[PDB]
Structures are given as structure tokens and as C-alpha cells.
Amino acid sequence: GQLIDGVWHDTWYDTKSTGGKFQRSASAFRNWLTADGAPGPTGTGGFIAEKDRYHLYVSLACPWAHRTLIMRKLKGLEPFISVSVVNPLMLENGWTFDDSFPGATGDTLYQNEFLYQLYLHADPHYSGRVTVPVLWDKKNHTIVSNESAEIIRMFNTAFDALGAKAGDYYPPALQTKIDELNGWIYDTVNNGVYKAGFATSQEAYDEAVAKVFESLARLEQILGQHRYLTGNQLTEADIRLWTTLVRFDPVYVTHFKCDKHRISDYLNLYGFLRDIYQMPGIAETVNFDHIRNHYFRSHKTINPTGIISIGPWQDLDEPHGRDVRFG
């Protein structure tokens, strides 16, 4: 599933990467949207924050797109950023504006039917992956960003003066601590579960899966000491941990065979999971149907049957007391 020099290549990708790692737009969509329209640290201006200009294209299944939705909720960005939700099933073409599936909405702007359409509608000679989430500029018809880690930093502050809800999920004091955390939590866990669930060899799988539980144990301990990863405050590290956690019992445990312990077995990790979940307007950003149809039904490499498991038992509404406990 890549788009090469403007044409879709289903999965006929391909017959030897002949020089190689592609290419000049392996991320040419890394602009920032800004309070004043100035350029961010990469990319170009003038993406100034304002209402009725911006649009988020996402899956409800993807942990990477899910952080942008969480952020849009916590920051009160609903009146600023309207949303389209691709179909959960990622087959031959890639993400799909296939409606039908409850909560998949079609490309509700320019009703394409492929996410690679939209990426071309903004570079028709584009060479690279066709990913969610996509931060889209209704005005200049292109892609501000398709990088979830940055889109969430835009949301963190770019709208503050236009009346976003209060909250700074990357405050200077903690940016160091947050950055170290984002780092290992990405290797060992955000990525850890995909590495394990897509292992080729058994020694690869043991490798990944062992790392996954070595980090679960280490995080169980930190959470642990204080309500969240860095202490008493919610930060973007927590939200990024969280998008993986909420998927772990319903999917990564049986489907990616990370099956040594369920999250609901750790006191603190499970407490954390329920804590963030119960924050207001966070539950509605969680769709288990898209989560489970997507992973079970799309990864025929791994689950030839497309049979979706009954799924580990869990009640995320169970009061957690992490607000009392801490600190």
C-alpha cells in the first residue's frame, strides 16, 4: 500500500527497492498550524489558526490517529476542527471513505473514496505512504500535517487565543521528561506490540514480546508513585501511552499474541486506563467496533480467518480512585 509517482500500488509493492527509501516527499507534509500563521520548526507558514478552515481525517482504529481526537476533545477544539472517519477495514487500496460501517463517514468534504485520492488532490505526483491522521486545510486544499505527534502539539496551543479549553500537555518544565518517555514508550510499546505481532521468526517475537512486558512492568511501577507518568499532571506522554493501552486487552493480547498478562491484571496500568477513559468526552473517541474489525479483519497476513475474538473481559467504567489516591 504505497502511492508511487502519483499512482496507487495496491500491495504490488514491488520487486526490489532499487535506490531506494522514497524519496523527496517521504514526509513533505510536516507544516505546522500556528497562532500567527508563521512557519513551524519545519514546513512552511501560513497556516494561521482560525475557525472553518481545518479538518481532521482519521481512523477510529488507529492508535496514532486516536491521540489527535483525544487532543481535540481535551482542548475544546470541536468548534474549530470538523472530522472525517475512514472505514475500519484497510484492504487492497488502503484507508477508504467507504461509508456503511457505523461511524465511518465517507470523505465528508470532497467525497472521494480513497485516502490516497485526498493525498493526490494535494500532490498528484506524490511518493510515500497513505496514512491517518491527516490535518487538512480546507482553504488551500492541501495537507498541513500527517504527523500525529506534531498535530497534537499544534492543538495544544495554536487556538488558545481564539478560545480553546485550557491545558498545556507539553509544558516547558516537563518537555525533557516527556521526550524521554515518548521515546521508550514508542520503541518498547507503541511499536513494541506491532513488532511482536508481526514477527517473522519466533526469536524476533520473543524479543519484542519480552520488551513489551518489561516496559509494562516498569510503567506499572511509575504509576506507582504518582497519578501520571511525570507526576501529578496529564501530559502528551500519558495520552500516547494511553492509546496503546486501550487497545491492548481488546486486540494486542490475542491478535498480536502479547498474552502474558492483560492490562486489567495490573493495578496501576488498569487504573490509569480507566482514569483517562472516564475523562469527559474521552469515551466517545473510543470505538471498539472500528478497533476490532480493523485489526482482526485487515491483517490476513496474521489472522487468515478474519475471525474477530470474543475479547478479554473488562469494565472501563469501574470507578478508579486515582484522583483520591494521588497525591
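Residues carry their position along the shown sequence, with the first being 1.
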Handout entry: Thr68 left out of the model in a third or more of other PDB entries
Key = no
Practice task
Go through the other compared entries with residues on either side of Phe22 and state whether a third or more give it no coordinates.
Solution key: yes
Exercise for the section: Read off the CA B-factors in the entry, average them over 38 to 46 and over 254 to 262, and name the higher stretch. Expected result: 38 to 46
Handout entry: 208 to 216 or 121 to 129, whichever carries the higher mean Cα B-factor
Key = 121 to 129
Handout entry: Highest recorded Cα temperature factor - choice among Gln233, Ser84, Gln202, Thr157
Key = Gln202
Exercise for the section: Just grab whichever of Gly183, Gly197, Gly167, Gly106 has the top CA B-factor as deposited. Expected result: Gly106
Problem - B-factor third for the C-alpha atom of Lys51 within its chain - result: middle
Problem - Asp238, C-alpha B-factor rank within chain (lowest, middle or highest third) - result: lowest
Problem - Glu78 - Cα temperature factor, lowest/middle/highest third of chain - result: lowest
Completion exercise
Of the three thirds of Cα B-factor ranks in this chain, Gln314 occupies the middle
Problem - CA B-factor ranking of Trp32, expressed as a third of its chain - result: middle
